[PDB]
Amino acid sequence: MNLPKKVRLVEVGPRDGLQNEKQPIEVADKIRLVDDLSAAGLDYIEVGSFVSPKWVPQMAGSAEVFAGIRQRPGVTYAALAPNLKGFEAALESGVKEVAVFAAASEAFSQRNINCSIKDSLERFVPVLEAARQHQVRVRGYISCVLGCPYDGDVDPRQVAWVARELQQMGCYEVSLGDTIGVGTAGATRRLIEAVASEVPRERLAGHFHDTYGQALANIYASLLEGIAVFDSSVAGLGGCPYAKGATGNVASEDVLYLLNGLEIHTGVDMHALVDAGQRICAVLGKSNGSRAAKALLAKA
């Protein structure tokens, strides 16, 4: 304390949330989601993905979403670009920021995407090069930062290594992803300390799944270490494949509740945020995955 005075909420609801929901939704409702999120005062929203809709029907129509949304000038509207043709499709949509991904666990790399950590990093060089040419900034995600669903323990120096590779490839920010939600507050702080030996805290974000109920305590522990960017999903959209669809991403309203309570500035309006989450859950619907949102809705 020693806490940040200002924090960035990275809203991944429309991409990572919707992607991990079983029910695909209409382009008109995705547009409304993003527009509701922009109305909530968020300055970073992951709008969609240029993964092949063949594999992820939930992400179909991302281009139409980009064309339909009312884009506010101070807000970044990012998209996942998993390969070159995905990047090119994103370019065609006027996307100014994309995200790529890597894993801290070799075993997880082999299982999730059928190659090693290095193979996948090298696969992304072409897209870093093209993004660099078109001045599209690239965010780098790491999975398994606090443990692997196959291998168990993940050494934080291993995470530090991949974080370093990603920043040295041209990623402007590295998102540390506890992507099975197994991490606890102390290991989280040690992880930040190990990674900060290679990449400064100001290029670091925390991406904490709430599958084991640990996400907010992890965020608080992260705040204590000076991390000021956190990825969350509005109304807790949707789940985890390793825990039969139980809770995935931490819910944005839960995080905002913490941050408001700490009197930390985010620029995000709770009522509007909750309103956005409510509308999309009804479309789904899906009972709201945010405890804070439900409680606030019940209260009103």
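Numbering starts at 1 and runs along the sequence shown.
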- prompt: Taking only the CA atoms, which stretch has the higher mean B-factor in the record, 211-219 or 72-80?
  reply: 72-80
task: For the higher mean C-alpha B factor in the entry, choose 110-118 or 141-149.
output: 110-118
field: Modelled-residue ranking by C-alpha temperature factor, third containing residue 101
entry: middle
- request: Tell me, lowest, middle or highest third: where does the Cα B factor of residue 21 rank within its chain?
  value: highest
- prompt: Going by what the PDB entry lists, where does residue 184 fall on CA B-factor within its chain: lowest, middle or highest third?
  reply: lowest
- request: Please place residue 300 in the lowest, middle or highest third of its chain by C-alpha B factor as given in the entry.
  value: highest
message: Test of reading the entry: by CA B factor among the chain's modelled residues, which third contains residue 55?
response: highest
